[PDB]
Amino acid sequence: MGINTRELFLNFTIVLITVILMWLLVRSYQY
């Protein structure tokens, strides 16, 4: 982790797109 931004979005941005799609994309409207 040195001189290379956007290198941890996977865990972060996924847990965020997963959390969201969950509360609402799991209900009855997939992504």
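Residues numbered from 1 in each chain as written, not as in the entry; some residues may be left out. Heavy atoms only, no water.

- Method-wise, the PDB entry is recorded as coming from solution NMR.

- The record lists the entry's title as "NMR Structure of Sarcolipin".
- The record in UniProt for the chain states the following under Sequence similarities: "Belongs to the sarcolipin family." (UniProt positions renumbered as here; feature names shortened; annotations may be inferred.)

Thoughts on the environment of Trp 23
And step 1. Looking at the element boundaries, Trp 23 is found in helix α1 (residues 9-25).
And step 2. As a C-alpha pair, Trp 23 and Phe 12 span 11 residues in sequence and 17 Å in three-dimensional space. (Helix = DSSP H or I, 4+ residues; strand = E, 2+ residues; numbered from the N terminus.)

Notes on a nonpolar patch on the surface
And step 1. Among the surface-exposed residues, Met 1, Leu 8, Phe 9, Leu 10, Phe 12, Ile 14, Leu 16, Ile 17, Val 19, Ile 20 and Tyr 31 lie close enough to one another that they form a single nonpolar patch of about 1200 Å² accessible area.
And step 2. Locating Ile 14 in the fold gives a position in helix α1. (Patch = residues over 30% accessible without salt bridge, like charges linked within 9 Å, V, L, I, M, F, W, Y side chains within 5 Å. Areas by Shrake-Rupley, 256 points an atom, 1.4 Å probe, with all protein chains shown as cover. Salt bridge = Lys/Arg side-chain N within 4 Å of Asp/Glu carboxyl O.)

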